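Residue numbers (the authors' numbering): 1 to 263. Quick reminder that beta carbons are idealized off the backbone N, C-alpha and C, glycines included. Report on the structure given below.
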DNA sequence: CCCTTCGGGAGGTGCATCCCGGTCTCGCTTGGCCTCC
Ligand SMILES: [Zn+2]
């Protein structure tokens, strides 16, 4: 019940409620999310994947493998009878407001074209490419707690095991279909608050000074310029407060810079 | 058991290339289609 996949299912993937059929009583944990059957009420959906493996998917997890062409359009014309699947979308993200239980889908223009009219009635979709997810997140007033999926991808198991509720703008957890180990959440953690304050205070600096700051910090985070050189560049360009507002972590620096150069 | 020399003088110049030709990949899942059992 109170797990990350359940919220995204209720808010976003409940649109294909008609297109699964009834569950089946199961006696083994859902291989996709991995949690225990005790929170499935003893029911589950059996399935066999493209690799011929018997896998049990619970109610909110099985929705990532449902074929609903009459709702989700056709994903590949070579196979008309299998429409877009939530677990197979690559480049498509979403933002799910758990407390409101609503969802907004960030799909590129191609996917939006492939989606039928009936899809938009249940889920509001805004055309945005993979790089434009950050633009929507920055510009639009997010409502927390929320689940921000960045790349539905094709590795549905890793996607569901990477879902994490973003309790506030200080730490928005991106779910990019890559298994969110404790080693790599720095690459999937976005601090919209720090990026927002840095963007607010960057207005005081020239465009040339901006380019200089971004390039210097990027090179430093990639160890392509010595720290003394970067310090000289910051001091000569009066970029000290900007560095003071940057995280010490170089990967977070790169992430927030990537966000900055998108907005 | 002598007594070992002087110094002259020390380059001038050439000529220093052309051209190629810089790769595939793939890190996922699924169904359609092919033959196999
Ligand atoms: Zn599950």
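Start and end residues, alpha helix (DSSP H) containing residue i
| i | result |
| --- | --- |
| residue 256 | 250 to 260 |
| residue 94 | It is not in any alpha helix (DSSP H) - residue 94 instead sits in the beta strand (DSSP E) that spans 93 to 97. |
| residue 53 | Looking at the DSSP string, residue 53 is not in any alpha helix (DSSP H), and its letter there is neither H nor E. |
| residue 61 | 59 to 62 |
| residue 7 | 4 to 11 |
| residue 69 | 69 to 72 |
Anticipated Cβ contact below 8 Å, residue i with residue j, distance rounded
| i | j | result |
| --- | --- | --- |
| residue 30 | residue 56 | 5 Å |
| residue 19 | residue 92 | So it is not a contact: roughly 18 Å between Cβ atoms. |
| residue 177 | residue 158 | 6 Å |
| residue 75 | residue 82 | 7 Å |
| residue 11 | residue 96 | 4 Å |
| residue 124 | residue 104 | 5 Å |
| residue 4 | residue 163 | 3 Å |
| residue 130 | residue 147 | Not really, about 18 Å apart at Cβ, beyond 8 Å. |
Enclosing beta strand (DSSP E) for residue i [first to last residue]
| i | result |
| --- | --- |
| residue 127 | 124 to 127 |
Residue list, Cβ distance to ligand 1 heavy atoms smaller than 5 Å = In chain order, the qualifying residues are 30, 32, 33, 58 and 61.
Residue ranges of each alpha helix (DSSP H) within the segment 173 to 246, 4 or longer = You should have 192 to 202, 207 to 221, 227 to 237 and 240 to 245.
Enumerated in chain order, which unbroken segments of the beta strand (DSSP E) with a length of 3 residues or greater are wholly contained in the segment 98 to 174?
-> Within the segment 98 to 174, the complete beta strand (DSSP E) runs of at least 3 residues are 102 to 107, 124 to 127 and 146 to 149.
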